[PDB]
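Protein sequence lines, in the order shown, are assigned to chains A and B.
Okay, so the first sequence: first residue is 3 according to the entry's author numbering, each after it adds one.
What the second sequence shows, in the entry's author numbering, is residues 2 to 13, 21 to 235, in sequence order.
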Amino acid sequence: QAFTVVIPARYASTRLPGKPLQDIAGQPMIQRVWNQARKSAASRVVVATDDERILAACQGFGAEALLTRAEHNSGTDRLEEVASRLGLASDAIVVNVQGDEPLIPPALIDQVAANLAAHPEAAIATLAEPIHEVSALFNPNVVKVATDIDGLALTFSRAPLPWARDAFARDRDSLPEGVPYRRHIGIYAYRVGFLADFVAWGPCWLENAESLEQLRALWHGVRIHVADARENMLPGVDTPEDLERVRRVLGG
Amino acid sequence: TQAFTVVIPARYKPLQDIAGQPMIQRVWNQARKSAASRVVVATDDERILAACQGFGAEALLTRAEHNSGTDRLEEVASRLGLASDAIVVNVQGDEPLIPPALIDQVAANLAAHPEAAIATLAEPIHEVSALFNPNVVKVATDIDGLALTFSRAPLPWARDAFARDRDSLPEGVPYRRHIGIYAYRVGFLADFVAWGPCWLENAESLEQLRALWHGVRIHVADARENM
Ligand code: NA
């Protein structure tokens, strides 16, 4: 199954200026992400950036790259611009791989693309991982997801979902035994035609409240397939300390 | 336009205790004033059975092993000899404030929404304390009124609002309490009990999540009049 990887790479970040160009053991972070993407089954990998300096760096190490619009209000918006410019067919599959995930396993990229292909009833496929800490469950910065028996998302929420009634009434310092809590991993495969729907709809109140763009799809009745990540997804990069962590993994 | 049977599942809370009548009697009073062709109490407790017959209600004693009102309710539909396409309305015994119009409403909604196996109802939440109260069931729906999920957790989460103040209700967010009333056909009840309990239902103690778990859709409508 063919699919295209798009890697969004935005220059500005509050706590890491020129974030995609920060060095990780001799290569800029964006190059590390692109290297991971090249290990996947992708038919094509394109960097989508909002800054000439990143475009130049990317072309400098061999990556296909283009300059987008700086003012996209969401990641899906940015993907739509790229898919449209590349002229991808509406039934083609595009996988969004964030430019600040240098440790992303290629198998996870393949996984979402494979899953979307296998689930015609869904317009989006994405991944989840087990939650092990109760504090993470009650952490609004951690996105929880619940699915049906076939893996279609019921919803995504920053709220402690599902609620363990008896367990939490008894103790909120421990994870309810046997209840498979899932944290959403923001790697997505999209059918290109969905991107056009997304842009035509615009923001909805549910999405705005949770601050979760994937709820726009759910609100409009589009289905999202969710699967347990085939292997572990290490945290991405937002801060100087994250860079240090990732450098150690890669020998720098 | 279509006929329906009301079944009230009561588990041994319903006895009673206010104001002068059982909660279950208040529910029954509401139900028999609806357009229901018949109202039956379903219980597995002989004390509850005796109490209901004691105020004039038709009551059936079900097997003790049922793990949900809907299971208990399926035994009754079977015993009443209802056709598989017959509509049953589950009015839970903990909803004494349900006016008969709501009962009529949920039955009508089921017939109007073939895309869903279950019709149910919701009302607005005006108190932030209710959001953070596990005893209050919240529901979120999509644009076509189909449930996304049901949860005792504060759903949906208003990120910016709750980061500022957990103790006031977020503006411009239509919070909904799920009303404990369902319409479904007898045929569906059979499938429901055959599914058996799932982990999601067991965790939230919300039987309707069994339907969501197995991929069927639930139509949610705002209650046509206040409780
Ligand atoms: Na009496």
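For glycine and all other residues, C-beta sits at the position ideal for the given N, C-alpha and C.
Which partner residues of residue i appear in the DSSP bridge assignment?
i                    : result
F158 of chain A      : A:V147
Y13 of chain A       : DSSP, once it has assigned bridges, lists no residue as partnering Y13 of chain A.
residue 1 of chain A : Coverage of chain A is limited to positions 3 through 254, which leaves residue 1 of chain A absent and any answer about it impossible.
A231 of chain A      : The partner list for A231 of chain A (beta bridge, DSSP) is empty, contrary to what the question assumes.
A67 of chain A       : A:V49
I226 of chain A      : A:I126
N98 of chain A       : A:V8 and A:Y190
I26 of chain A       : A:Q29
At the level of alpha carbons, what is the spacing between residue i and residue j?
i                     : j               : result
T16 of chain A        : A155 of chain A : 32 Å
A116 of chain B       : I126 of chain B : 11 Å
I187 of chain A       : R87 of chain A  : 27 Å
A148 of chain A       : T78 of chain A  : 22 Å
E103 of chain B       : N234 of chain A : 46 Å
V224 of chain B       : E82 of chain A  : 31 Å
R34 of chain A        : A124 of chain A : 31 Å
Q3 of chain A         : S92 of chain A  : 15 Å
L23 of chain A        : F63 of chain A  : 12 Å
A59 of chain B        : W207 of chain A : 47 Å
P19 of chain A        : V248 of chain A : 17 Å
residue 1 of chain A  : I151 of chain A : Outside the displayed range of chain A (3 to 254) lies residue 1 of chain A, so it cannot be described from this structure.
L69 of chain B        : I32 of chain B  : 15 Å
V251 of chain A       : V99 of chain A  : 20 Å
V228 of chain B       : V48 of chain A  : 43 Å
residue 20 of chain B : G254 of chain A : The model of chain B omits the segment between 13 and 21, and residue 20 of chain B is among the residues lacking coordinates.
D53 of chain A        : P237 of chain A : 25 Å
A161 of chain B       : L139 of chain A : 11 Å
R174 of chain A       : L90 of chain B  : 45 Å
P122 of chain B       : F196 of chain B : 12 Å
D25 of chain B        : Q61 of chain B  : 17 Å
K146 of chain A       : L214 of chain A : 11 Å
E246 of chain A       : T51 of chain A  : 24 Å
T241 of chain A       : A72 of chain A  : 21 Å
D230 of chain B       : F5 of chain A   : 42 Å
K21 of chain A        : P205 of chain B : 49 Å
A65 of chain B        : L118 of chain A : 53 Å
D244 of chain A       : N210 of chain B : 39 Å
Is there at least one Cβ from chain A nearer than 9 Å to residue i's Cβ?
i               : result
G180 of chain B : yes
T2 of chain B   : no
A229 of chain B : no
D102 of chain B : no
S213 of chain B : yes
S159 of chain B : yes
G223 of chain B : yes
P164 of chain B : yes
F200 of chain B : no
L217 of chain B : yes
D53 of chain B  : no
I151 of chain B : yes
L154 of chain B : yes
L220 of chain B : yes
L110 of chain B : no
Would you say residue i lies against chain B (beta-carbon separation less than 9 Å)?
i               : result
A120 of chain A : no
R167 of chain A : yes
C60 of chain A  : no
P142 of chain A : yes
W36 of chain A  : no
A130 of chain A : no
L69 of chain A  : no
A171 of chain A : yes
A148 of chain A : yes
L177 of chain A : no
If you check the beta carbons only, do residue i and residue j fall under 9 Å apart?
i                     : j               : result
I9 of chain B         : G101 of chain B : yes
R218 of chain B       : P142 of chain A : no
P108 of chain A       : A27 of chain A  : no
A169 of chain B       : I95 of chain B  : no
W165 of chain A       : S159 of chain B : yes
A39 of chain A        : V194 of chain A : no
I189 of chain A       : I106 of chain A : yes
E131 of chain B       : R185 of chain B : yes
residue 15 of chain B : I133 of chain B : Residues lacking coordinates in chain B include everything strictly between 13 and 21, among them residue 15 of chain B.
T157 of chain A       : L129 of chain B : no
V136 of chain B       : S176 of chain B : yes
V97 of chain B        : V7 of chain B   : yes
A120 of chain A       : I56 of chain A  : no
Please indicate yes or no: does the CB of residue i lie closer than 8 Å to some heavy atom of the ligand MN?
i              : result
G64 of chain B : Inclusion of the ligand MN in the displayed structure is not the case, the ligand content consisting of the ligand NA alone.
- Query: Are at least three pairs of beta-carbons, each pair with one atom in the stretch 70-85 of chain B and one in the stretch 200-218 of chain B, less than 8 Å apart?
  - Reply: yes
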